[PDB]
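Data block below; observations after.
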Amino acid sequence: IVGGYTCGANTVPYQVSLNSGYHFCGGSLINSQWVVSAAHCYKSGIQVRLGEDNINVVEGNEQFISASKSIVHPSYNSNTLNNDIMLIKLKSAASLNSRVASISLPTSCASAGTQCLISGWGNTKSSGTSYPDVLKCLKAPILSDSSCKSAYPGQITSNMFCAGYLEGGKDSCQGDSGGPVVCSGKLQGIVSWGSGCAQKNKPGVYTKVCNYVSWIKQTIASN
Ligand SMILES: [Ca+2]
C-alpha cells in the first residue's frame with residue numbers, strides 16, 4: 001500500500017497473509033474454512049496466516065493453517081487477468097474470534113464513488129521498494145467505469161473496477177495482490193493489477209467480486 005496508514009493490530013480481522021516460506025499475497029477470510037484471493041496469487045504449498053499484524057513477529061493472535069485445496073476460477077485468463085479470483089480451502093477451520101473474523105460477500109455490486117478499505121503488506125513506495133512488517137490500509141474510492149476504461153484502453157472487462165486517485169500518490173501495490181477491497185462492510189474487490197503503483201492516471205484495478213458470488217457459493221457447497 002503506497003500513501004496509506006498503519007491499520008492498527010487486528011483491526012482488519014478478515015485480512016490474511018498467504019505464505020510459501022515468506023509472505024507473497026493477501027486474501028480475505030469469507031468463513032471459517034475458506035479464503036478468497038487473486039488467481040494470479042496461485043502457488044502450490046500455501047499456508048494461510050490469520051490474525052496477523054507484524055508478519056515477521058509472532059505476537060500471539062495468529063493462526064497458521066495449511067491450505068488443503070486451491071481453486072482458480074474456471075475462466076481465469078492470466079494474460080488479461082480477467083476473472084482474477086481464487087478460493088483457498090483451509091485444512092482445518094479457523095477459530096473465529098475478535099481478531100480472526102469473516103467478511104461478508106456482497107449481495108449487490110458497489111456504487112462508483114464509494115470509499116472502500118484496501119489493506120495489505122505490499123510495497124509502500126511508488127518509485128522504489130519498501131515492504132512493511134505491519135498491516136497497511138488505504139481508503140480509496142471506486143472510479144467510474146468510463147474513467148477506468150479511459151485509463152487502461154482495451155484492457156478493462158465487466159469483471160474489473162478501478163479505485164484510487166488519478167493524481168497519484170495513493171494505491172495498492174506489489175505484495176498487496178489478492179487482498180481485500182471492502183466497501184460498506186462487504187468484500188467488493190480483490191487487489192489485482194495496475195500500471196506501476198500510485199502513478200498519475202494509472203489507478204488500481206480490482207476483481208469485481210459481486211460478479212462471482214454464485215460461483216463462490218456453489219464451489220463452497222461442493223468442496
Ligand atoms: Ca505476526
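Numbering of residues begins at 1 and proceeds along the displayed sequence. In each ligand, atom 1 is the first atom listed, and ligand 1 is the first ligand listed.
- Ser192 and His40 share no side-chain donor-acceptor pair at under 3.5 Å.
- Residue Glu52: an N/O/S atom is found under 3.0 Å from the Ca ion (ligand 1).
- Between the side chains of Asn223 and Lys89, no donor-acceptor pair is found at a separation under 3.5 Å.
- Seen from the Ca ion (ligand 1), atom OE2 on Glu62 and atom O on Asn54 lie at an angle near 160° (rounded to 10 degrees).
- Within the 3.0 Å limit, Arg49 places no N, O or S atom next to the Ca ion (ligand 1).
- Separation of atoms CD1 (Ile55) and CD (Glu62) is listed at 11.0 Å; rounding is to 0.5 Å.
- Within the cation-pi definition used here (under 6.0 Å to the ring centroid, within 45° of the axis), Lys170 qualifies as a partner of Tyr165.
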